[PDB]
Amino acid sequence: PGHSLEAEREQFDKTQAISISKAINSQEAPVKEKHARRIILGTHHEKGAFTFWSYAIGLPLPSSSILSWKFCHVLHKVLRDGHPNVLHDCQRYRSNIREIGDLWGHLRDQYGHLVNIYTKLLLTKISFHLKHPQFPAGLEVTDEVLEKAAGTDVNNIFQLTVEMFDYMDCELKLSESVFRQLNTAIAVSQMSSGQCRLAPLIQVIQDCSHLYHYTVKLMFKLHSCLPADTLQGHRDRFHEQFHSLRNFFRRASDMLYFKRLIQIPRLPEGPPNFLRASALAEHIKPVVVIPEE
């Protein structure tokens, strides 16, 4: 009486501790998908991330910048693919994320610089998805849900556009910092330390593809309710982000490491002409595909 129910609870906890130790460690190698998938499925089993954090507060993050980097990569995957309730469980531990990035920000370590930039992205994701709960933290919504979240009030459309520009900036800063550490022959490399730094950009590419579609649609909605001369700064911000995004997707499309792991969409040669209302109907929604393993 009660022996099998106690043994089931103990086995769930043990599998979570083993998977966390095998995913998040100091080895200079990409996070193993088998172990990350077991953490994500655990969050669907308990409808939260409270078991994950009960063990993760014991990780010695200041001992190793590689350990801190792999911790950030697993948090990004848990936010995008875990149960929605993980967002609140993560907000409890916001200071843990802020303080590990602040530590590495004071040091010259190559991985530490990348961790500092990653922590700013993760804090922006947690804030954005608590403020705007119509958007899951993996950012995928139907056109119908995007239209409802934008609504008809120019004040709500304006605020959502500024916040999505800030979100895209945090994503592109991480891709740019990773690429600055890897030289041109990274395109035909399978070096473990290269894979360790490239692997998180699979999550970054999926976030960015969604943010690009949403910001194009919000920018055409603003051009229909405000004078063209009040929106020059917004067009200037969009144009600079578009050229950074196009250069990121093109360079990532050239990596051997990514060939079997992600199908990256083609973007147009230049940004849409927001001054011509009829250009909205010529916009193609980019669609990322993850191929069979």
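Numbers for residues come from their place in the sequence shown, where the first is 1.
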Per the entry, higher mean C-alpha B factor between 248-256 and 62-70: 248-256
17-25 or 280-288, whichever carries the higher mean Cα B-factor: 280-288
Residue of maximum C-alpha B factor among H129, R180, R80, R94, per deposited coordinates: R180
Of the residues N85, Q203, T215, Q110, the one carrying the largest Cα B-factor as recorded: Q110
Ranked C-alpha temperature factor of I262 among modelled chain residues, by third: middle
Among modelled residues of the same chain, the CA temperature factor third for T230: middle
Chain-wide C-alpha B factor ranking for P30, given as lowest, middle or highest third: middle
B-factor third for the C-alpha atom of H223 within its chain: middle
CA B-factor ranking of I117, expressed as a third of its chain: middle
